[PDB]
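Q: This one's a deposited entry, sequence included:
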Amino acid sequence: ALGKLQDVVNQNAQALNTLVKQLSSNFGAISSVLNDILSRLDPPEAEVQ
Amino acid sequence: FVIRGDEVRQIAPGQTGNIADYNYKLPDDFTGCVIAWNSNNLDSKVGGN
């Protein structure tokens, strides 16, 4: 019965979880870790990744 | 200044090496030209300059 208010909660939680899990994507970069990008690369190429 | 040929490539933004780190560092936001010509008839001597 409470599906209307629970689906709201589920949609919000999925939205937040997807937002946070987007922090593990390369998006075409060498890594999703800024520290790794800034330690394994020079400043110029780091400014591209 | 005067630099050996192999280090001329180090006179550019985002370069690394002995020259670009200890002698002459160009900023990452460099706006200007870099001109270099092989002056082997003025800065090279038989006994060693």
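A: Perfect, thanks for sending it. Numbering: from 1, shown residues only, chains lettered A, B, ... in the order given.
Q: Counting neighbours, what do you get for the residue of chain B found nearest chain A?
A: Minimum separation of chain B from chain A (CB to the nearest CB) falls at residue B:14, amounting to 2.9 Å. Every C-beta, even on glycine, is put in place using the N, C-alpha and C of the backbone. Residues near residue B:14, counting by other CB atoms under 10 Å in any protein chain shown, number 15.
Q: Settle this for me: it is touching residue A:43, isn't it.
A: Yes. Shown here, residue B:14 and residue A:43 form a contact pair, counting by CB atoms under 8 Å, at 6.1 Å.
Q: From residue B:48, how far off is the residue of chain B closest to chain A?
A: Counting by CB to CB, to the nearest Å, the gap from residue B:14 to residue B:48 is 33 Å.
Q: All the helices of chain A, residue numbers only.
A: Taking DSSP state H as the criterion, chain A carries its helices at A:3-21, A:34-40, A:43-46.
Q: how about these in a markdown table, adding mean neighbour count and distance to chain B?
A: Formatted as a markdown table, the helices of chain A follow (neighbours: other CB atoms under 10 Å in any protein chain shown; distance: least, CB to the nearest CB, whole Å):
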| stretch | mean neighbour count | distance to chain B |
| --- | --- | --- |
| helix A:3-21 | 10 | 31 |
| helix A:34-40 | 12 | 14 |
| helix A:43-46 | 13 | 3 |
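Q: Alpha carbons of stretch B:1-14, as PDB, please.
A: The C-alpha coordinates for stretch B:1-14 follow below in PDB (Å, rounded to 0.1, in the frame of the first residue of the first chain):
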ATOM      1  CA  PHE B   1      70.600  32.300 -22.300                       C
ATOM      2  CA  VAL B   2      72.400  29.400 -24.000                       C
ATOM      3  CA  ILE B   3      71.400  25.800 -23.700                       C
ATOM      4  CA  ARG B   4      72.700  22.600 -25.300                       C
ATOM      5  CA  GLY B   5      70.500  21.200 -28.100                       C
ATOM      6  CA  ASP B   6      69.100  18.200 -26.200                       C
ATOM      7  CA  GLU B   7      67.700  20.500 -23.500                       C
ATOM      8  CA  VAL B   8      66.100  23.100 -25.900                       C
ATOM      9  CA  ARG B   9      62.800  21.100 -25.700                       C
ATOM     10  CA  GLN B  10      62.900  21.700 -22.000                       C
ATOM     11  CA  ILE B  11      62.300  25.500 -22.600                       C
ATOM     12  CA  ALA B  12      58.500  25.100 -22.800                       C
ATOM     13  CA  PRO B  13      55.600  25.100 -20.400                       C
ATOM     14  CA  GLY B  14      55.100  21.800 -18.500                       C
END
